Each structure stands twice: as C-alpha cells, then as structure tokens.
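Student: Mind having a look at this structure? Questions to follow.
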Amino acid sequence: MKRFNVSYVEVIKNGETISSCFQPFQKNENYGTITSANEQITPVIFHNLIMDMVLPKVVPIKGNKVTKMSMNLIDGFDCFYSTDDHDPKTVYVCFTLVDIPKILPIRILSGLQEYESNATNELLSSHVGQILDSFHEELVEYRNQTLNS
C-alpha cells in the first residue's frame with residue numbers, strides 16, 4: 001500500500017533534543033527505504049546533523065512551517081525542521097524517508113502541536129503515529145475543498 005512513516009522524529013528544546021521518535025521498521029507497509037542500509041545511523045547522527053546543520057541554520061518559521069534543510073544533511077532520509085508555534089526554543093526536527101513527499105513531516109510537527117505532549121524520546125513519537133494515521137484522512141479531506149468531482 002501507499003502509507004507514510006517518519007523515520008526519525010527528533011524534537012529540540014533550546015538547541016537540545018527534548019524528544020525523539022527513532023525506531024527501525026525495514027519498510028513494513030509505509031514507505032520503502034529503511035531495512036538494511038539505513039538502520040545503522042544512531043539518533044546522535046541525526047541529533048548532531050540537526051544540531052550541526054539545522055540548528056545553525058534553523059528559523060522560527062515566518063510562513064512555511066516544517067521546512068526541509070535542503071542541505072542534504074544525510075542520504076536515505078529527508079530532514080525538516082519546525083519550530084514551536086510559540087516557543088522558538090522548542091524546535092521539531094523530523095527525519096522522514098526520501099520516498100516520503102513534503103507533506104507528512106509537515107503534519108507531523110504541526111501535528112505534535114495539536115497535542116500538549118511531545119517532550120520525551122518516546123512521547124512525540126506517539127502523536128507522530130497518531131498524526132500519521134489522521135494525516136491521510138486530511139489528504140482525502142483535502143480533495144474536496146474546491147474541486148468538481
């Protein structure tokens with residue numbers, strides 16, 4: 001099937017990871033990418049990627065929300081960064097799969113903002129998945145706002 005899955009969701013508070021959603025899967029039924037040549041990297045690689053690339057080039061969003069570094073931090077996954085809706089010292093960096101378009105990670109971070117919890121290396125991951133399922137529902141709902149049929 002054609003589903004989604006944020007490979008690694010590393011949150012950041014004051015330039016320091018607060019939460020993290022780093023869990024392997026080996027492309028189960030979401031998106032073909034990780035399975036062997038993308039399950040060795042440690043959250044630190046991404047945590048340092050972000051911190052060393054994203055953080056030193058992050059922004060509190062002015063009218064984008066969940067923007068990809070477009071710097072090619074690493075190969076195999078897609079890396080974007082979304083700062084808190086009211087706390088620049090509370091970023092939200094996601095590490096989806098290159099196969100994954102540029103819309104899930106957007107709903108993931110913006111989604112975590114839908115809740116009130118996302119400050120643990122096993123909490124944000126929650127809404128990430130709970131937002132993942134509801135994500136598509138939005139993609140479907142999105143196909144009926146101003147269309148003919």
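Going through the structure tokens in order, the chains are called A, B, and so on, while each chain numbers its residues from 1 and the ligands are numbered from 1 in the order shown.
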Out of segment 56-116 of chain A, which residues get alpha helix (DSSP H) from DSSP, as a ChimeraX atom specification?
Tutor: /A:104-112
Student: For a quick check of understanding, using only C-alpha atoms, which of A:42, A:7, A:121, A:70 has the smallest distance to residue 105 of chain A?
Tutor: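 Nearest candidate to residue 105 of chain A out of A:42, A:7, A:121, A:70: A:7.
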Student: Identify, on the basis of only C-alpha atoms, every residue whose closest approach to segment 133-148 of chain A does not exceed 9 Å; exclude the query and any residue fewer than 2 positions from it along the same chain; express the result as a list in words.
Tutor: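 In the requested form, the answer reads residues 3, 4, 103, 104, 107, 108, 111, 128, 129, 130 and 131 of chain A.
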Student: Any idea what's packed within 6 Å of residue 89 of chain A, counting only C-alpha atoms, ignoring anything in its chain fewer than 2 positions away? Could you give it as an NGL selection string?
Tutor: :A and (13-14 or 87)
Student: Nearest to residue 86 of chain A: which of A:61, A:16, A:66, A:101 is it, counting only C-alpha atoms?
Tutor: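 So, comparing all the options, the nearest one is A:61.
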Student: Compare A:94, A:12, A:74, A:38 by their minimum atom-to-atom distance to residue 55 of chain A, counting only C-alpha atoms, and give me the closest one.
Tutor: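 The answer is A:12, which sits nearest to residue 55 of chain A.
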Student: How many Å separate atom CA of residue 109 of chain A from atom CA of residue 15 of chain A?
Tutor: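 That distance, rounded to one decimal, is 16.5 Å.
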Student: Counting only C-alpha atoms, figure out which residue out of A:96, A:20, A:90, A:28 gets nearest to residue 5 of chain A.
Tutor: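 When distances to residue 5 of chain A are compared using only C-alpha atoms, the smallest one comes from A:96.
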Student: Restricting the calculation to only C-alpha atoms, which member of A:6, A:124, A:37, A:132 is positioned closest to residue 80 of chain A?
Tutor: A:6
Student: In Å, with one decimal, what is the gap from atom CA of residue 56 of chain A to atom CA of residue 44 of chain A?
Tutor: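 About the pair atom CA of residue 56 of chain A and atom CA of residue 44 of chain A: they are 16.2 Å apart.
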Student: Could you pull out all residues of segment 17-93 of chain A with a DSSP call of strand (DSSP E or B) and give them as a list in words?
Tutor: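 The strand (DSSP E or B) residues within segment 17-93 of chain A come out as residues 17, 18, 19, 20, 21, 22, 67, 68, 77, 78, 79, 80, 81, 90, 91, 92 and 93 of chain A.
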Student: Could you work out how far atom CA of residue 72 of chain A lies from atom CA of residue 46 of chain A, giving the answer in Å with one decimal?
Tutor: 11.9 Å
